[PDB]
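Notes follow the structure.
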2 protein chains.
Amino acid sequence: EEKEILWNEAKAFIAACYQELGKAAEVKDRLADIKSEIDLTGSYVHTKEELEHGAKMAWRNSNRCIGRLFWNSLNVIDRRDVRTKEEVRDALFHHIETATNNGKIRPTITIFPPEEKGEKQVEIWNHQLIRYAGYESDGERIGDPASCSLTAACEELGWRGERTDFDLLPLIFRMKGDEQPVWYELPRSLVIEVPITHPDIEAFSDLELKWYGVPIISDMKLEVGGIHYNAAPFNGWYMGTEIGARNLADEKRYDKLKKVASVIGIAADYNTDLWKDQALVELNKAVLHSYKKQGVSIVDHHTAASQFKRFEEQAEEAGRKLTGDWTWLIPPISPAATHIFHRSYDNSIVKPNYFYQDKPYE
Amino acid sequence: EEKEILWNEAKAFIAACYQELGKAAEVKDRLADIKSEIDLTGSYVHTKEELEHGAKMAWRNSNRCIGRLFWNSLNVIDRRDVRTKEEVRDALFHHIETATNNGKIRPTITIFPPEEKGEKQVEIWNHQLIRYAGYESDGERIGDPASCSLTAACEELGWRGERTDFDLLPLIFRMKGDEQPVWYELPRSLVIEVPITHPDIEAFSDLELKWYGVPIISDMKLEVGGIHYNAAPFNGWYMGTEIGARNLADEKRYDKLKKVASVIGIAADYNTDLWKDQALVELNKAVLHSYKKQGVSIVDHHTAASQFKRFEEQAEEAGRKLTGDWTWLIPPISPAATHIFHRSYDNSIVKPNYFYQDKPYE
Ligand code: HEC
Ligand code: HEC
Ligand SMILES: Nc1cccc(CNCCOc2cccc(OCc3ccc4ccc(N)nc4c3)c2)n1
Ligand SMILES: Nc1cccc(CNCCOc2cccc(OCc3ccc4ccc(N)nc4c3)c2)n1
Ligand SMILES: [Cl-]
Ligand SMILES: [Cl-]
């Protein structure tokens, strides 16, 4: 039956993919070779054209993503030829460098060898290639609490953090056959960081906040026509609210809101003063200003919502059925000031797509 | 079959209601009289105790309501004895007065005679008992655009608005038998209004904004044990964001955000300045401050979220299954700063409850 499920997903993907590429005539002969290759080897290998477009369709079908307007300009890097740890590490180093692009971030995905028969060729442990470590013992909260389990796993493998609030986690991944993953420190020259300042309030610098330039999700599975690419890290650019409203604001993250209220000169005592809402706005203004001043790509949630409406229009113009997750598409700051809040979306899962998968550390 | 459906809803409501009231022993004899009364008359009449508790259960089951903690203190007024237009009008005048309570708003519901066999005894046309009219001809937008259809209907019946931005709509309702509804102007002495000022910014008064004290939803159907109370207006107090983030902020409502940005001294040119978010916060701060200064009940979305968490805890403490509509429970300002944003809710419909019904004007 395992040879059946792949043949069904391949017949659905190839037909849809070749039709969108104007290659509908080449369809039937391609699945003939596919149906053979599956019968013989138990799987099949995508063309570079199928793999590139398949990764673009997967982004187009991500119901929770507000930045899908630019799905067709995704920069796909085919690294299915990788066999060694040094090749994985260099390919990841290269992804960071080419996606960063001196600040003018290029949406990029590096695609590693897919699973054979459920057996992963490379198993990435990082949630994002660039992320800050987190520590909790004592009653000391240091760094990013969301990275607490991964940090504890890295420190069993010989790594040790300086225990600042912004320790860069190392790359950590396991190869097929090896019992334990390897880890490699990130070269600081590859990692752009943005210090958070406010355009009007000079005291905002006293918070000594910063964030990294490029969010590179590295723990999701790309599924294209039945082929399971468990290791395929991708990146866009940040929407400001992800940093200002969640990463630096959540109580279970960096929890900076009352420190923000202090440096902007308002009290944090009464709910009716809306000090949290006011602090959230000034922190988010600071994030956008700081990324723009440094020359690192970022988008505000209003512009992003406008772009997503064009994606909604482009979808209907092309006859494509639009799918979306309202609960994730609305921004966490002023959601009712976007058109997204005032309409409905079908949360149906369409393939190709990106999916969660179990963490190897827990 | 119509005699069947009511017997099923009555057996479910009476059992649940009498169990919660410690009257489980009186259950079986009460439905015996009910089963007879239905066989004879085709319907049945609730006790005052069943009607009061049934209206409280309906509030407890309103998935979209964040203020459900106080469900048990609802003030129920039984007006099933009403037969004339003057009685309806006086009962509505009384509701406004007793719910307003000089500013210390009492959550109140007035319950009118229910539908017979789908035939309404009284048909309320107001969406809320106190609401502002709206006009659109010319290209003139005057008043509340959400009230445009109702205002045009009232003006066919001999009513005429002064065409200010805050014309009080008259009470308008139709009695059984009559072809057209009657309308009665609201006595200004019954209606509390709050002028919107800012605690810090004196120029905010230049906007000349105001809102009414008490939102009294008057077009929903209360369903208790199969009995359909189509006319049963109810009120709580406002959550600040309903006025500051929607009523005065939405582009299809009063659309005041760029006027707010002007009087608070910030530019409304660049999305990355987050001027809409900043204006939303200061407008919402002004709403809360203005209601508190005048002595009219209101709650901020943070306090309301805290109260709703106690309702979640009280529900589990009592063994009640909790239901809720996440998309409506999250506030439109800083939703991720509330616990509601970070959990899930079962949107199952439980009865008794309040339901939409078709407008008679359109
Ligand atoms: C180009 C800039 C870009 C922006 C801005 C962007 N995305 Fe997404 N985006 C996703 C997926 C998948 C999710 C949902 C992940 C999840 O469920 O946790 C997502 C979720 C998001 C979220 C929600 C995050 C949150 O915490 O609520 C935001 C915001 C977002 N995308 C914005 C796939 C992508 C891919 C992959 C090819 C690219 C490139 C991409 N996205 C590019 C972008
Ligand atoms: C005591 C103060 C109180 C507050 C604060 C309160 N409610 Fe609700 N509330 C509802 C219902 C029903 C809805 C959903 C109506 C709808 O679907 O449009 C609701 C919805 C709401 C909403 C959502 C409105 C929006 O536009 O998003 C808020 C906010 C709210 N309630 C707060 C029944 C009630 C009842 C009836 C007995 C009372 C009293 C009541 N509620 C009292 C309160
Ligand atoms: N309860 C709710 C309700 C509504 C919305 C949310 C949002 N959930 C909060 C963030 O928590 C997580 C947890 C796990 C994964 C995760 O992936 C974020 C992500 C993924 C891909 C991106 C691509 C580009 C980009 N710019 N950003 C991206 C962000 C977020 N939670
Ligand atoms: N797309 C979305 C997504 C999420 C949330 C919303 C919220 N929808 C906006 C408001 O639009 C309407 C339309 C029709 C009815 C209505 O009833 C408001 C109401 C009812 C009862 C109340 C009781 C007490 C109280 N204090 N307030 C109340 C408010 C709102 N829309
Ligand atoms: Cl992030
Ligand atoms: Cl309202």
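Cβ coordinates were reconstructed from backbone atoms using ideal geometry, including for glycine residues, and neighbour counts include every protein chain displayed. No value in this document is a laboratory result; all are computed from the given coordinates.
Quick look at the values:
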| item | result |
| --- | --- |
| For region A:43-135, alpha-carbon Rg and Dmax in angstrom | 14.5, 44 |
| Largest-first principal axis extents of the Cα set of chain A (Å) | 70, 52, 35 |
| ³J(HN,Hα), Karplus 6.51/-1.76/1.60, whole Hz, each residue of region A:32-45, x for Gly, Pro | 4, 5, 5, 4, 5, 3, 5, 4, 7, 9, x, 7, 8, 10 |
| Rh by Kirkwood over Cα pairs, then Stokes-Einstein D for region A:255-330 at 1.567 mPa s and 4 °C, µm²/s | 85 |
| Neighbourhood charge, 12 Å Cβ-Cβ cut-off, centred on B:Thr272 and excluding it, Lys, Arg +1 and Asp, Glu -1 | 0 |
| For region B:1-44, average projected area of the Cα convex hull in nm² | 2.7 |
| Percent of alpha-carbon pairs separated by more than 12 Å within region B:153-200 | 72 |
| Whole-Å distance, taken between Cα centres, linking region B:200-254 and region A:91-106 | 50 |
| For region A:205-362, radius of gyration divided by Kirkwood radius, i.e. Rg to Rh on alpha-carbons | 1.01 |
| Alpha-carbon spread of region B:147-234, three principal axes, descending order, Å | 53, 36, 24 |
| 3J(HN,Hα) from dihedral phi, region B:245-253, Karplus parametrisation 6.51/-1.76/1.60, rounded to Hz, x for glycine, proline | 9, 10, 4, 9, 9, 4, 5, 8, 10 |
| Region A:318-362 - convex hull of alpha carbons, volume per residue in Å³ | 121 |
| Cross-link table A:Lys11/A:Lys85; B:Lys85/B:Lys359; B:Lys104/B:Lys285; A:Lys259/B:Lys292; B:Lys104/B:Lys276, entries beyond 24 Å C-alpha to C-alpha | A:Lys11/A:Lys85; A:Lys259/B:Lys292; B:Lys104/B:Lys276 |
| Alpha carbon Rg of region B:94-137, scaled by the compact-globule rule 2.2 N^0.38 Å | 1.57 |
| Top of A:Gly225, A:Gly54, A:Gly319 by mean-square fluctuation, Gaussian network on chain A, Cα under 10 Å | A:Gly319 |
| Over region A:122-191, relative contact order from alpha-carbon pairs under 8 Å, at least 6 apart, % | 34 |
| Using alpha carbons only: equivalent-ellipsoid semi-axes of region A:9-94, gyration tensor based, whole Å | 24, 21, 11 |
| Surrounding net charge for B:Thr323, when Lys and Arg each add one and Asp and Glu each subtract one, Cβ distance under 12 Å | +3 |
| Charge sum, other residues only, whose C-beta stays under 12 Å from B:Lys23's C-beta, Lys/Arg counted +1 and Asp/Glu -1 | -3 |
| Förster-model FRET efficiency, 51 Å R0, A:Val27 and A:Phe93, C-beta, rounded to 0.05 | 0.85 |
| Cα principal axis extents for the protein assembly as shown, largest first, Å | 87, 63, 59 |
| Loop-located trypsin sites (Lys or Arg not before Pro) in region B:6-72, at most 16 other Cβ atoms within 10 Å (DSSP) | B:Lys23, B:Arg64 |
| Sparse-neighbourhood loop sites, GluC sites (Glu not before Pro) in region A:1-81 - DSSP loop, at most 14 other Cβ within 10 angstrom | A:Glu1 |
| Per-selection metrics, region B:288-354 (Cα): Rg and Dmax in Å | 14.1, 40 |
| Crossing angle, helix B:2-20 versus chain B [Cα axis fit, 0-90 degrees, rounded to tens] | 80 |
| Region B:40-87 - Kirkwood radius from inverse mean 1/r over Cα pairs (Å) | 12.8 |
| Kirkwood Rh (inverse of mean 1/r, distinct Cα pairs), region A:41-197, angstrom | 17.6 |
